[PDB]
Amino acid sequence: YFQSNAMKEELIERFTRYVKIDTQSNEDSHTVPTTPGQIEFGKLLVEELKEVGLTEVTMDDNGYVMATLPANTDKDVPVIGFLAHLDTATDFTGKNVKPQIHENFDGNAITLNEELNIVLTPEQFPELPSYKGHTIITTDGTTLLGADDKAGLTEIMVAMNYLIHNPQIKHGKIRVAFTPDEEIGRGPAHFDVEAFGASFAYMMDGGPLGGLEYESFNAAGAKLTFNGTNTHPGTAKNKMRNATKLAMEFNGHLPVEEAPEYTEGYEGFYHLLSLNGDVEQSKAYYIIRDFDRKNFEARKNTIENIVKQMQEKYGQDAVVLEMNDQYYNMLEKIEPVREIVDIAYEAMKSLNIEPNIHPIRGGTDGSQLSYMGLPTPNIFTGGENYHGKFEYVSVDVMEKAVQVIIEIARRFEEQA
């Protein structure tokens, strides 16, 4: 019982302290970090990292916190990193969060707030019953919780504290980073990979037990402008050209089923975001997504070919194409160092956790960092229902996440 007692206690102590700090980010601010709460949280973590005993504890002028757990081995082991973000979602308030601890959960509905009649139900959240017997933490219904990503951050702190206090567990050098403004898309913008100094890293910002993510979409955006000629409707024969119809003609050339509303898993798509215009001019916006690089390029070429075909029919000025790549599949950067996914998978299996591979049907900080030279899979944290008042987390699962971090560290050293 000793190991679990110590870990559960510490997880709850740190997590409840962190969620009580307002760290919501705000895109309307242009400082880095965007909100002062992130600076308060960072300064608190700097002191916590120093008290645990990590070295090289820094917080840069942009609020990025980094620290080192020195190697504890005679072997040459790659430097590995663990990452988490400081901020909470812009969707709902993260101010004055009142965490509620529900031990030995019965798997039934939880009344978060009697006065406001706010109830967390299994009907609305079918995964709720699977947490029977766990210790879960919820909000009081008036705020989100911030398990995304204070649960992952807590797990890193608890795992580092465990390692430094268990020198019999050998490991190479480990770097940790706590970063601002992930929720507004600015996290990687000021992440200094050279300063971080790791070969690869694990982002602790997944969700439920077993989550492992390391593949993401290739992405491009396109804007099509169609130009026509308006005339009085009555005298339009062989003179009028309806730009809106040209837009519909363009869309008609795309495979109807290759759209987000019909696809999942690794299936790609074309997605029509908007169409605005009239007879004289119409503008359509699309995104193009595919996990397979060859097929992604083929989707872009399909658009080019349709445009060429319509320009030959209506003239070069009738169709104008703006198209630019946006981001790429992180698997391309993981492949040369694929053992980093194998070690995470093996770590989970060794702890009797069934891994759940989740393709990232979009882009994340981990997928962008991968592109920047820091291959970074995303690992589960135990959180559910992120970005709203019904957010909750299983402390039992948080403990499993800590165990995974420890096992990954030991495994890199053992295999070196």
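When you see a residue number, it is the position in the sequence shown, counting from 1.
Could you settle it for me: does 302-310 or 149-157 have the higher average Cα B factor in the PDB entry? In the deposited entry, the stretch with the higher C-alpha B-factor mean is 302-310.
Output the stretch having the higher mean C-alpha B factor in the entry; the candidates are 381-389 and 60-68. Result of the comparison: 381-389.
Name the one of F226, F250, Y328, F92 with the greatest CA B-factor according to the PDB entry. Top of the list by C-alpha B-factor: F92.
Quick one: which of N218, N104, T138, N117 has the biggest Cα B-factor according to the entry? Among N218, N104, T138, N117, the highest C-alpha B-factor in the entry belongs to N117.
Among modelled residues of the same chain, the CA temperature factor third for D192: Its C-alpha B-factor belongs to the lowest third of this chain's values.
Which third, lowest, middle or highest, does the C-alpha temperature factor of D87 belong to within its own chain? Lowest third, going by the recorded CA B-factors of the chain.
Select lowest, middle or highest to describe the third in which the CA B-factor of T364 falls within its chain in this entry. For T364, whose C-alpha B-factor we compare with every modelled residue in the chain, the answer is the highest third.
For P33, return the chain-relative third of its C-alpha B-factor as stated in the PDB record: lowest, middle or highest. Ranked within chain, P33 CA B lands in the middle tercile.
If you rank every modelled residue in this chain by C-alpha B factor, which third holds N96: lowest, middle or highest? Highest third - that is where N96 ends up once the chain's C-alpha B-factors are sorted.
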